[PDB]
Amino acid sequence: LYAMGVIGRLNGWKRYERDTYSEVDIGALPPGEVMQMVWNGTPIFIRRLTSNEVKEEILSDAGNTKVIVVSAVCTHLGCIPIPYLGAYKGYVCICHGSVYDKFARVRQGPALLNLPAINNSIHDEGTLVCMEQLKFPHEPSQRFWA
Amino acid sequence: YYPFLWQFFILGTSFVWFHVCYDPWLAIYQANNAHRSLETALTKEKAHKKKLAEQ
Amino acid sequence: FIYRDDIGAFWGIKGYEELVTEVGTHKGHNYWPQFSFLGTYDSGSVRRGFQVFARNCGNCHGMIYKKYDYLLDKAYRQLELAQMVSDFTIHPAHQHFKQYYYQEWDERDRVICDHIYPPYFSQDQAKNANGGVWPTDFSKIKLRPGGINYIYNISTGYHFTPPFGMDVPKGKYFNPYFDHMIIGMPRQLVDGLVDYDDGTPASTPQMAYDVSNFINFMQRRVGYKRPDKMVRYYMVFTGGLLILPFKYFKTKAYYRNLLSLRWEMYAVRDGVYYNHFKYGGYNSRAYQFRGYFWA
Amino acid sequence: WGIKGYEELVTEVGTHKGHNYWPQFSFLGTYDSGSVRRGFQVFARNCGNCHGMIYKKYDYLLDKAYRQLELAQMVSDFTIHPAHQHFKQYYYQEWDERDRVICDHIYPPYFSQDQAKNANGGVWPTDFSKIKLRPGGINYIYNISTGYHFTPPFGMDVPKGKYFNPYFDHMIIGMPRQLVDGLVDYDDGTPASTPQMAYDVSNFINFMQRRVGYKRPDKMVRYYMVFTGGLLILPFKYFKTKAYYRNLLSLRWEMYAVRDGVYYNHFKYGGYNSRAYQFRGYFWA
Amino acid sequence: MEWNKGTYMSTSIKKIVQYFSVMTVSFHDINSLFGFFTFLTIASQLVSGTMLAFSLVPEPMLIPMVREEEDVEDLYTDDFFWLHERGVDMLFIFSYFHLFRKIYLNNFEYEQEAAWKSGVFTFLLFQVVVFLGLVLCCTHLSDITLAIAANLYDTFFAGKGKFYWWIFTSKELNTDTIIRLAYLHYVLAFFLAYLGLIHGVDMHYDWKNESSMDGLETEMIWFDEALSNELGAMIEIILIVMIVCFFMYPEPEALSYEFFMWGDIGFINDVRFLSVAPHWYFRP
Amino acid sequence: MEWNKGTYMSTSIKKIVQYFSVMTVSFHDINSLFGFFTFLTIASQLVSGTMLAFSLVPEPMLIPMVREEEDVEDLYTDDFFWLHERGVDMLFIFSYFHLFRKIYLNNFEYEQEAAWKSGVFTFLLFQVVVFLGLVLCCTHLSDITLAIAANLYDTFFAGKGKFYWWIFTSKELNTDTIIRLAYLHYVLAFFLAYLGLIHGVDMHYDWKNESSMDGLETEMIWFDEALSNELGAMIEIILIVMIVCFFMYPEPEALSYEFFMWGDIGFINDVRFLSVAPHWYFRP
Amino acid sequence: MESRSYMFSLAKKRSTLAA
Amino acid sequence: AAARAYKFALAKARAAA
Ligand SMILES: CCCCCCCCCCCCCCCCCC(=O)OC[C@H](COP(=O)([O-])OCC[N+](C)(C)C)OC(=O)CCCCCCCCCCCCCCCCC
Ligand code: HEC
Ligand code: HEC
Ligand code: HEM
Ligand code: HEM
Ligand code: HEM
Ligand code: HEM
Ligand code: FES
């Protein structure tokens with residue numbers, strides 16, 4: 001019991017999980033459109049792709065069209081990358097021309113890594129998109145015996 | 001005749017000690033305060049809200 | 001070793017002869033579920049107490065040391081507490097330690113992780129707004145005569161007249177439970193002041209009981225943690241009592257077994273002198289004794 | 001040589017290519033009190049409206065470049081709020097705006113860094129505390145203040161709302177040119193030209209820094225004194241150590257022939273070792 | 001150092017291990033275990049103090065808020081604080097019982113000469129460490145204790161010169177003195193543990209259960225036959241203390257000597273001078 | 001401990017005093033005093049570090065402001081900080097010169113194997129203490145070094161679990177990490193002093209000025225005939241380093257190493273300069 | 001205080017109006 | 001830190017509007 005207390009003091013404890021749940025609507029969003037917002041203090045991109053672009057060669061089935069949710073940031077150095085500027089040449093910042101290939105294919109040039117994925121799920125037919133960070137166990141999870 | 005098996009035996013005795021001293025007190029403590037629970041409070045609140053709504 | 005009871009000093013502790021102190025505990029027994037044997041807090045009582053504090057008591061008092069999320073898992077759920085706390089606003093000037101984290105520059109809705117601040121920016125502003133007296137912080141209000149009973153007794157007990165020779169100036173009221181029996185708080189709890197969410201009738205004793213329960217719940221070493229620690233004390237006491245026989249076995253029985261010796265003494269007359277007794281002996285402290293002692 | 005972090009902005013003009021003169025960086029120089037006074041005046045009139053100095057107090061520049069009463073009046077012309085306080089420890093009990101005092105930190109007129117960014121179009125006016133860690137040091141402020149004359153090259157594509165400056169990183173800055181002729185009205189009657197205002201404000205800002213600043217010239221003088229003391233102590237250490245060792249090594253040795261018939265029973269059967277306990281049972285058996 | 005004849009026992013790791021593995025203890029009673037009880041509670045005090053020091057920021061304006069914050073967001077900080085306080089109480093009780101037992105047994109001969117001076121020095125260091133922690137509590141009582149200590153220290157210099165500034169500064173609980181006294185508390189506590197270990201190693205010369213010689217030559221080995229008895233007696237003492245505390249200190253109480261600790265330095269600049277009351281061990 | 005045969009010498013106060021009183025040193029030169037240079041700078045580092053620790057609040061959001069405020073409101077805090085930094089520099093220089101001299105002299109022999117292992121252990125502890133001190137600065141460089149150390153720890157533990165939490169909580173400089181790392185810095189520095197004393201005791205067995213034997217049998221006494229030489233040689237080295245720094249580090253200086261230390265961990269979060277630059281001793 | 005590990009340690013995400 | 005020996009040690013005298 002004494003050793004348990006000593007180790008638990010150093011390891012800390014997570015009393016409860018903070019709320020990061022948030023919903024957005026893309027029902028009125030026309031197909032082939034991009035939208036930038038801020039979720040939990042970070043700029044993120046919501047895109048409604050099309051079948052023609054998808055065939056051009058992780059993915060949400062919002063009706064006929066396909067929707068991708070990413071975090072708007074340049075991984076090598078801080079940016080707000082500008083989309084729709086050159087398609088395959090899109091997703092580019094001022095500092096470097098290393099594009100982000102319109103998708104999560106990562107490797108394009110000097111910039112390393114790709115835009116990190118965001119835990120999300122589309123729960124209406126194609127309109128309502130819920131997003132919240134992934135939940136991890138933080139046992140012990142019981143604060144009161146009675 | 002195998003000292004590490006005897007140490008496992010001692011660990012088992014400590015386990016039995018802990019559970020004997022732990023389980024009954026927790027059981028009676030939880031049985032004593034069943035009516036003082038957040039679930040009971042929420043049940044009463046929901047019943048009152050339903051009554052006030054259909055009033 | 002014996003102390004009087006009619007001098008106002010309970011059990012020899014002097015300094016509190018100017019107020020009523022023993023009503024809750026010594027002279028009369030006020031029942032609180034969390035202070036009984038194998039008892040715990042009442043969730044509905046703490047809930048109603050927080051409602052009372054948020055609607056009336058929080059307009060003047062504060063609990064700077066503590067935040068709203070103390071009530072999770074025992075009184076409120078995260079979402080309902082979130083809306084209820086969001087009913088109030090906070091400012092950057094409220095923060096005791098406004099580091100780089102608080103980047104706001106205007107009022108915003110409060111969150112459950114915010115410290116429970118009064119509407120005033122400072123204690124001096126509180127004093128100015130309340131006619132020169134400061135509504136005391138409730139963070140450590142447990143250190144008052146009879147604690148939770150102190151809160152309840154102060155909330156009640158506005159039903160007496162001062163005796164001859166005692167004058168109550170304007171802006172002050174007579175309350176035997178407050179120090180010097182003169183308080184700057186007007187009577188707050190009136191019948192039906194707060195509409196409970198659970199439909200419990202709202203009387204002055206009921207609201208005082210609920211708010212006392214909530215304030216005591218927020219305290220340290222006497223709130224929201226004491227009952228489980230008393231249960232732990234009971235478990236450890238049971239463990240010690242059950243382990244007593246084996247300790248006795250080992251220690252005392254082993255000593256009694258080891259002391260069951262047989263001794264025999266014989267006559268030795270074989271003509272050998274005890275030179276080892278006459279010319280023997282060692283002492284570890286000889287380095288200290290030598291040169292100094294017995295020369 | 002070898003500093004590969006900075007490749008775009010202009011860095012070496014102040015110190016390497018060209019020798020800007022600052023009195024505090026002369027061999028036996030110090031700060032110019034009038035220059036620091038005019039620099040604080042310039043900071044109060046223009047620079048302090050956006051930047052601020054969180055880590056520094058106004059009671060700097062005391063006993064040098066300002067007096068207590070005049071500094072008190074000049075800072076009392078300013079305003080401060082409880083929301084400005086980085087850490088209110090029950091001392092700041094005011095619940096409204098009040099006049100600043102010389103023992104107050106040099107806060108910007110904004111409550112927060114995000115508020116400053118929102119006011120200034122998304123870019124934060126950098127705090128002038130620890131601004132000594134910019135290319136050129138003290139020369140950075142002067143270069144940035146006087147670097148609005150050059151034209152961008154072909155294909156530079158200066159963005160809207162920004163401006164071109166050789167000394168700022170990536171050649172593009174979000175600060176419009178601030179120093180113009182006659183912007184300030186110096187108390188001592190010094191003409192107010194752009195280089196003069198830049199020189200004064202640079203002197204003041206460098207005076208405000210920790211390692212290089214109000215304390216540095218006295219530290220350099222102390223270093224000179226200690227170096228002179230070491231130079232003067234050099235001969236006596238040599239005397240004691242080397243001369244004493246040479247005197248001690250002036251020995252005379254004589255070896256004679258001993259043939260008295262006594263065996264060397266002490267060379268044989270002799271010798272004690274401090275690490276015998278380490279060698280015994282382990283080595284050479 | 002020509003007046004020094006050496007050390008009674010040179011403190012080396014191997015020699016300590018050998019000495020404690022072949023050390024023997026004569027048959028005794030419960031009245032002759034207060035020293036080992038004190039050793040156990042000293043070790044517990046060291047551990048709990050380390051646990052507490054990993055959360056105390058030496059700033060008088062932040063200490064109460066940090067103490068409140070660490071209680072709700074951690075599972076064992078308040079348990080370790082309670083352990084640390086109860087260990088102080090047990091240390092005082094055991095040390096005073098030990099001193100009274102020695103005085104009654106009349107251990108005032110030249111063979112007990114060594115064990116007395118070291119014990120008294122340990123007692124003084126223990127009281128100094130207790131005072132340092134009490135000041136670290138950062139309440140009105142802490143301020144009163146600091147002021148009293150500063151005045152008594154200044155009486156040595158007759159009130160001329162500010163010779164106390166290096167430790168007490170302006171005789172108030174500001175950040176500088178808080179940092180100094182906290183670090184001093186930690187370091188002096190560990191030095192206290194070392195001094196107590198030295199004093200306890202100085203015991204074996206004349207060790208007796210009672211004042212009467214028993215004449216027995218066989219004695220038990222310490223590692224198991226005596227350590228088990230020491231631990232069991234510690235358990236029994238803890239059980240008695242628990243019974244007395246449970247049936248003597250009801251909660252809540254009408255009045256307490258700890259109500260003077262409500263005032264926080266800085267936050268409350270008004271002091272209730274009527275109910276000035278220290279802990280029971282400085283009450284005399 | 002049947003496999004242990006004891007220690008070379010006892011660390012008793014009287015024994016140490018007598019040993020250093022009777023110690024004799026042979027005739028030497030500048031290239032055989034780096035050990036004493038390291039000893040003297042360790043003592044200076046201890047004193048300067050204590051003076052610095054009496055002013056550092058372990059709150060990461062208060063460290064830069066406290067550093068700035070203590071400089072203007074005192075007379076020697078910045079001087080002691082400068083002494084601490086230059087002492088770290090001189091410690092690294094002297095330790096590496098000493099190690100290089102030993103390697104050149106080819107001291108990998110059995111009769112001085114004991115004096116080697118203790119030296120390497122003291123060196124490794126020195127590296128750990130330097131890392132903790134570097135972390136204590138609360139800049140972007142400190143954050144980078146902490147992240148590197150935490151990632152090395154995680155890779156050693158195969159990236160499973162959170163075994164680094166007890167020391168590096170979230171791989172970032174919060175107050176929980178800062179308090180623990182500061183206290184570790186302090187205690188491990190004092191342990192470094194003790195280990196250095198141990199290594200300095202283990203040196204006299206095989207001490208030589210050069211690799212080639214000199215047959216001289218007369219030696220100077222250490223207390224004054226050699227301590228004076230050691231102090232004079234330290235003055236020599238300090239003067240040489242002062243000349244070199246004056247002729248190699250002019251002011252003002254543009255485009256320097258210290259430009260990554262501008263940002264603070266809390267104050268500046270939107271700026272991270274890609275081109276990181278450590279100190280010259282962690283650069284390899 | 002909010003700078004702890006269980007709190008918002010280094011204020012990477014700030015509490016602000018944003019918008 | 002405003003709560004220092006050279007500064008306002010314990011804010012016995014406070015800055016109020
Ligand atoms: C010694 C007097 C005081 C006794 C109680 C002191 C506290 C507990 C003892 C350890 C010292 C304090 C260390 C700090 C951390 C404590 C952690 C802890 O206890 O967690 C609760 C642990 C683990 O509980 P858990 O894992 O369910 O989590 C607790 C969850 N909440 C927060 C909701 C309460 O439970 C217990 O300790 C149960 C009681 C003891 C069970 C049996 C123990 C051994 C039985 C034989 C004993 C023989 C005699 C021993 C000597 C003493 C005789 C008097
Ligand atoms: C604003 C008008 C108030 C409201 C609403 C409540 N309280 Fe109050 N309280 C107020 C003042 C100005 C004072 C100080 C009186 C003095 O002369 O010092 C108080 C005092 C108390 C106390 C006494 C605490 C002490 O320091 O001894 C208590 C226990 C108290 N108040 C409780 C309380 C409760 C439970 C309230 C909600 C019903 C409440 N107060 C509301 C001002 C105001
Ligand atoms: C508000 C309109 C400002 C006034 C008045 C002054 N400055 Fe400024 N400055 C301002 C901004 C919004 C910025 C940030 C630009 C960016 O792209 O980051 C700056 C920046 C500077 C700098 C550069 C610092 C750095 O990033 O290292 C310097 C040296 C500077 N400003 C100096 C300066 C001086 C000397 C001023 C008084 C004349 C002054 N500024 C006024 C906004 C504003
Ligand atoms: C046996 C040695 C020790 C004694 C006698 C001792 C005594 C005390 C006392 C009397 C207090 C005040 C508690 C109260 O309010 O009643 C205290 C608090 C404290 N002690 Fe110790 N202590 C010891 C060892 C240590 C050690 C080793 C540390 C640190 C490693 C430490 C750190 C602390 C801290 C941080 C507090 C304040 C805790 C708080 O305020 O929440 N103590 N100590
Ligand atoms: C108050 C001052 C003290 C004095 C004068 C004192 C003196 C003595 C003496 C004379 C003895 C020998 C008893 C005998 O001959 O039978 C003794 C034993 C002992 N003392 Fe102390 N002592 C003091 C305080 C302490 C303290 C604070 C500790 C704990 C750190 C301690 C630890 C011990 C231990 C362990 C023993 C051996 C007895 C045993 O283990 O049960 N003493 N002391
Ligand atoms: C008495 C023991 C020591 C104490 C109390 C101590 C304390 C401190 C403190 C408080 C700081 C931070 C100062 C500041 O940031 O303003 C610091 C910095 C530092 N310490 Fe120590 N220290 C000690 C010994 C050592 C030793 C032996 C070393 C090894 C060389 C060392 C290496 C460092 C380093 C590298 C820094 C960072 C300085 C920098 O690079 O900017 N310290 N120390
Ligand atoms: C950590 C700082 C160190 C200190 C304070 C130190 C101290 C000393 C001292 C005082 C000497 C005697 C000669 C002299 O004065 O220079 C010495 C010699 C020596 N040291 Fe170290 N040392 C250190 C690091 C090391 C390291 C890392 C090693 C590598 C194994 C080492 C190995 C040696 C050897 C082989 C000798 C020669 C033994 C002799 O000639 O008597 N030392 N050291
Ligand atoms: S800054 Fe975004 S492409 Fe690199």
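Letters go in sequence order (proteins before strands), and every chain restarts at 1. Whatever order the structure lists ligands and atoms in, that order sets their numbers, starting from 1.
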Are C:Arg221 and E:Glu85 ion-paired here, with the side-chain N under 4.0 Å from a carboxylate O? yes
E:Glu251 bridged to C:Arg226 by N-O distance under 4.0 Å: no
Can you check ring pair (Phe, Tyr, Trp, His ring centres under 6.0 Å) on E:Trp222 and E:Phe20, steps first, answer last? CA-CA 7 Å; E:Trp222 170 80; E:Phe20 276 100; 5.5 Å; yes
CA sep, side-chain torsions, deciding dist, call: E:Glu69, C:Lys66, salt bridge (charged side-chain N to carboxylate O under 4.0 Å, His left out): CA-CA 7 Å; E:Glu69 176 78 38; C:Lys66 306 166 193 304; over 6 Å; no
Quick test: of every protein heavy atom, which one is nearest to atom 3 (C) of ligand 4, and how far off is it to 0.1 Å? E:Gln45 CG, 3.5 Å
Just jot down the ligand 8 atoms closer than 4.0 angstrom to any heavy atom of A:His96, in number order. 3 (S)
Could you go through D:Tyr6 and F:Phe273, starting from their C-alpha distance and side-chain angles, then the distance that decides it, and tell me whether this counts as ring pair (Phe, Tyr, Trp, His ring centres under 6.0 Å)? CA-CA 10 Å; D:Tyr6 305 80; F:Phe273 191 72; 4.8 Å; yes
Protein residue, atom and distance nearest to atom 5 (C) of ligand 4, heavy-atom basis: E:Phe126 CE1, 3.6 Å
Vertex atom 2 (Fe) of ligand 8: angle to SG of A:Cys74 and SG of A:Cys93, to 10°? 140°
Students should be able to answer this: which protein heavy-atom is nearest to atom 1 (S) of ligand 8, and at what distance? A:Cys79 SG, 2.0 Å
Considering only protein heavy atoms, which is closest to atom 30 (C) of ligand 5, and at what distance to one decimal place? E:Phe39 CE2, 3.5 Å
Starting from atom 29 (C) of ligand 4, what is the nearest protein heavy atom, named by residue and atom, and what distance separates them? E:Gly49 O, 3.1 Å
Counting from 1 in the order shown, the ligand 5 atoms closer than 4.0 Å to a non-hydrogen atom of E:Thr38 are 29 (C), 30 (C)
Strictly distance-based, threshold 3.5 Å: is any side-chain N or O of A:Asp101 a donor or acceptor partner for the main-chain N or O of A:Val106? yes
Is E:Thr50 touching ligand 4 with its side chain, its backbone, both, or neither, if touching means heavy atoms under 4.0 Å apart? both
Do you see a donor-acceptor pair shorter than 3.5 Å between the side chains of A:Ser98 and A:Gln108? no
Within ligand 4, which atoms have a heavy atom of E:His279 less than 4.0 Å away? 16 (O)
Determine, for E:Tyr8 and C:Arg285, whether the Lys NZ or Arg CZ falls below 6.0 Å from the six-membered ring centre while staying within 45 degrees of the axis. yes
Considering just N/O/S atoms, say which atom of E:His84 is closest to atom 21 (Fe) of ligand 4. NE2
Distance-only side-chain donor-acceptor flag, E:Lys208 / E:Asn107, under 3.5 Å: yes
Please list the nearest protein heavy atom to atom 35 (C) of ligand 4 with its residue and the distance rounded to 0.1 Å. E:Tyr186 OH, 3.7 Å
Quick one: does atom 1 (C) of ligand 4 have a protein heavy atom under 4.0 Å from it? yes
Given E:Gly133, E:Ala189, E:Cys137, identify the one with the heavy atom nearest to atom 12 (C) of ligand 4. E:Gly133
Can you sort out which atoms of ligand 8 are near A:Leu77, meaning under 4.0 Å from one of its heavy atoms? 1 (S)
Output yes when G:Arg4 and E:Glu73 qualify as a salt bridge under the 4.0 Å nitrogen-oxygen rule, no when they do not. no
Is C:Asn283 close to E:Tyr205 at the side-chain level, that is, under 4.5 Å between some pair of heavy atoms? yes
Distance under 6.0 Å and angle within 45° of ring axis: A:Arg9 vs E:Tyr76: no
Suppose I only count heavy atoms of E:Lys208 and a 4.0 Å limit; which atoms of ligand 5 are within that range? 14 (C), 15 (O), 16 (O)
Given the rule in the ring pair (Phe, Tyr, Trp, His ring centres under 6.0 Å) test, do E:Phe126 and E:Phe92 qualify, once you have shown the distances and angles that lead to the verdict? CA-CA 9 Å; E:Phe126 168 69; E:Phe92 273 98; 4.6 Å; yes
Return the closest protein heavy atom for atom 41 (O) of ligand 5 as residue, atom name and distance. E:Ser32 O, 2.8 Å
Nearest-contact summary for atom 40 (O) of ligand 4 - protein heavy atom, Å: E:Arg67 NH2, 3.2 Å
Keeping the roles fixed (side chain from A:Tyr84, backbone from A:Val34), state whether a donor-acceptor pair exists under 3.5 Å. yes
For a side-chain contact (heavy atoms from CB on, under 4.5 Å) with E:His140, tell me which candidate from E:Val276, E:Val271, E:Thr145 qualifies. E:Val271
Atom 4 (C) of ligand 4 sits nearest the protein heavy atom E:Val129 CG1, 3.5 Å
Quick check on atom 26 (C) of ligand 5 - does any protein heavy atom sit closer than 4.0 Å to it? no
Inspect the surroundings of CZ in E:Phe108 and state if more than 12 heavy atoms from other residues, nucleotides or ligands are less than 6.0 Å away. yes
Among non-hydrogen protein atoms, atom 37 (C) of ligand 4 lies closest to E:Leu56 CD1, 3.7 Å
Closer than 2.8 Å to atom 21 (Fe) of ligand 5 - protein N, O or S atoms, ordered by chain and residue number: E:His98 NE2, E:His199 NE2
Report the member of E:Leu52, E:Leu188, E:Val88 with the shortest heavy-atom distance to atom 10 (C) of ligand 4. E:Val88
Under a 3.5 Å cutoff, is there a donor and acceptor pairing between the side chains of E:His279 and E:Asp89? no
At less than 4.0 angstrom from any non-hydrogen atom of E:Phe81, what atoms of ligand 4 do you find? 38 (C), 39 (C), 41 (O)
Inspect the surroundings of CD in E:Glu258 and state if more than 12 heavy atoms from other residues, nucleotides or ligands are less than 6.0 Å away. no
Taking the side chain as every heavy atom from C-beta outward, state whether A:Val6 and E:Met51 have any atom pair closer than 4.5 Å. yes
For ligand 4, the portion of E:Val130 having any non-hydrogen atom under 4.0 Å away: both
Audit row: E:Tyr96, E:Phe123, ring pair (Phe, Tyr, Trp, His ring centres under 6.0 Å) steps and yes/no: CA-CA 9 Å; E:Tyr96 271 118; E:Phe123 203 47; 5.1 Å; yes
Which of the listed options, E:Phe100, E:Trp207, E:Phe34, holds the heavy atom that is closest to atom 39 (C) of ligand 5? E:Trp207
Selection from E:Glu70, E:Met51, E:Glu258, E:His185 by shortest heavy-atom distance to atom 7 (C) of ligand 4: E:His185
Looking only at N/O atoms, are E:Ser95 and ligand 5 under 3.5 Å apart anywhere? no
Students should be able to answer this: which protein heavy-atom is nearest to atom 4 (Fe) of ligand 8, and at what distance? A:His76 CE1, 1.2 Å
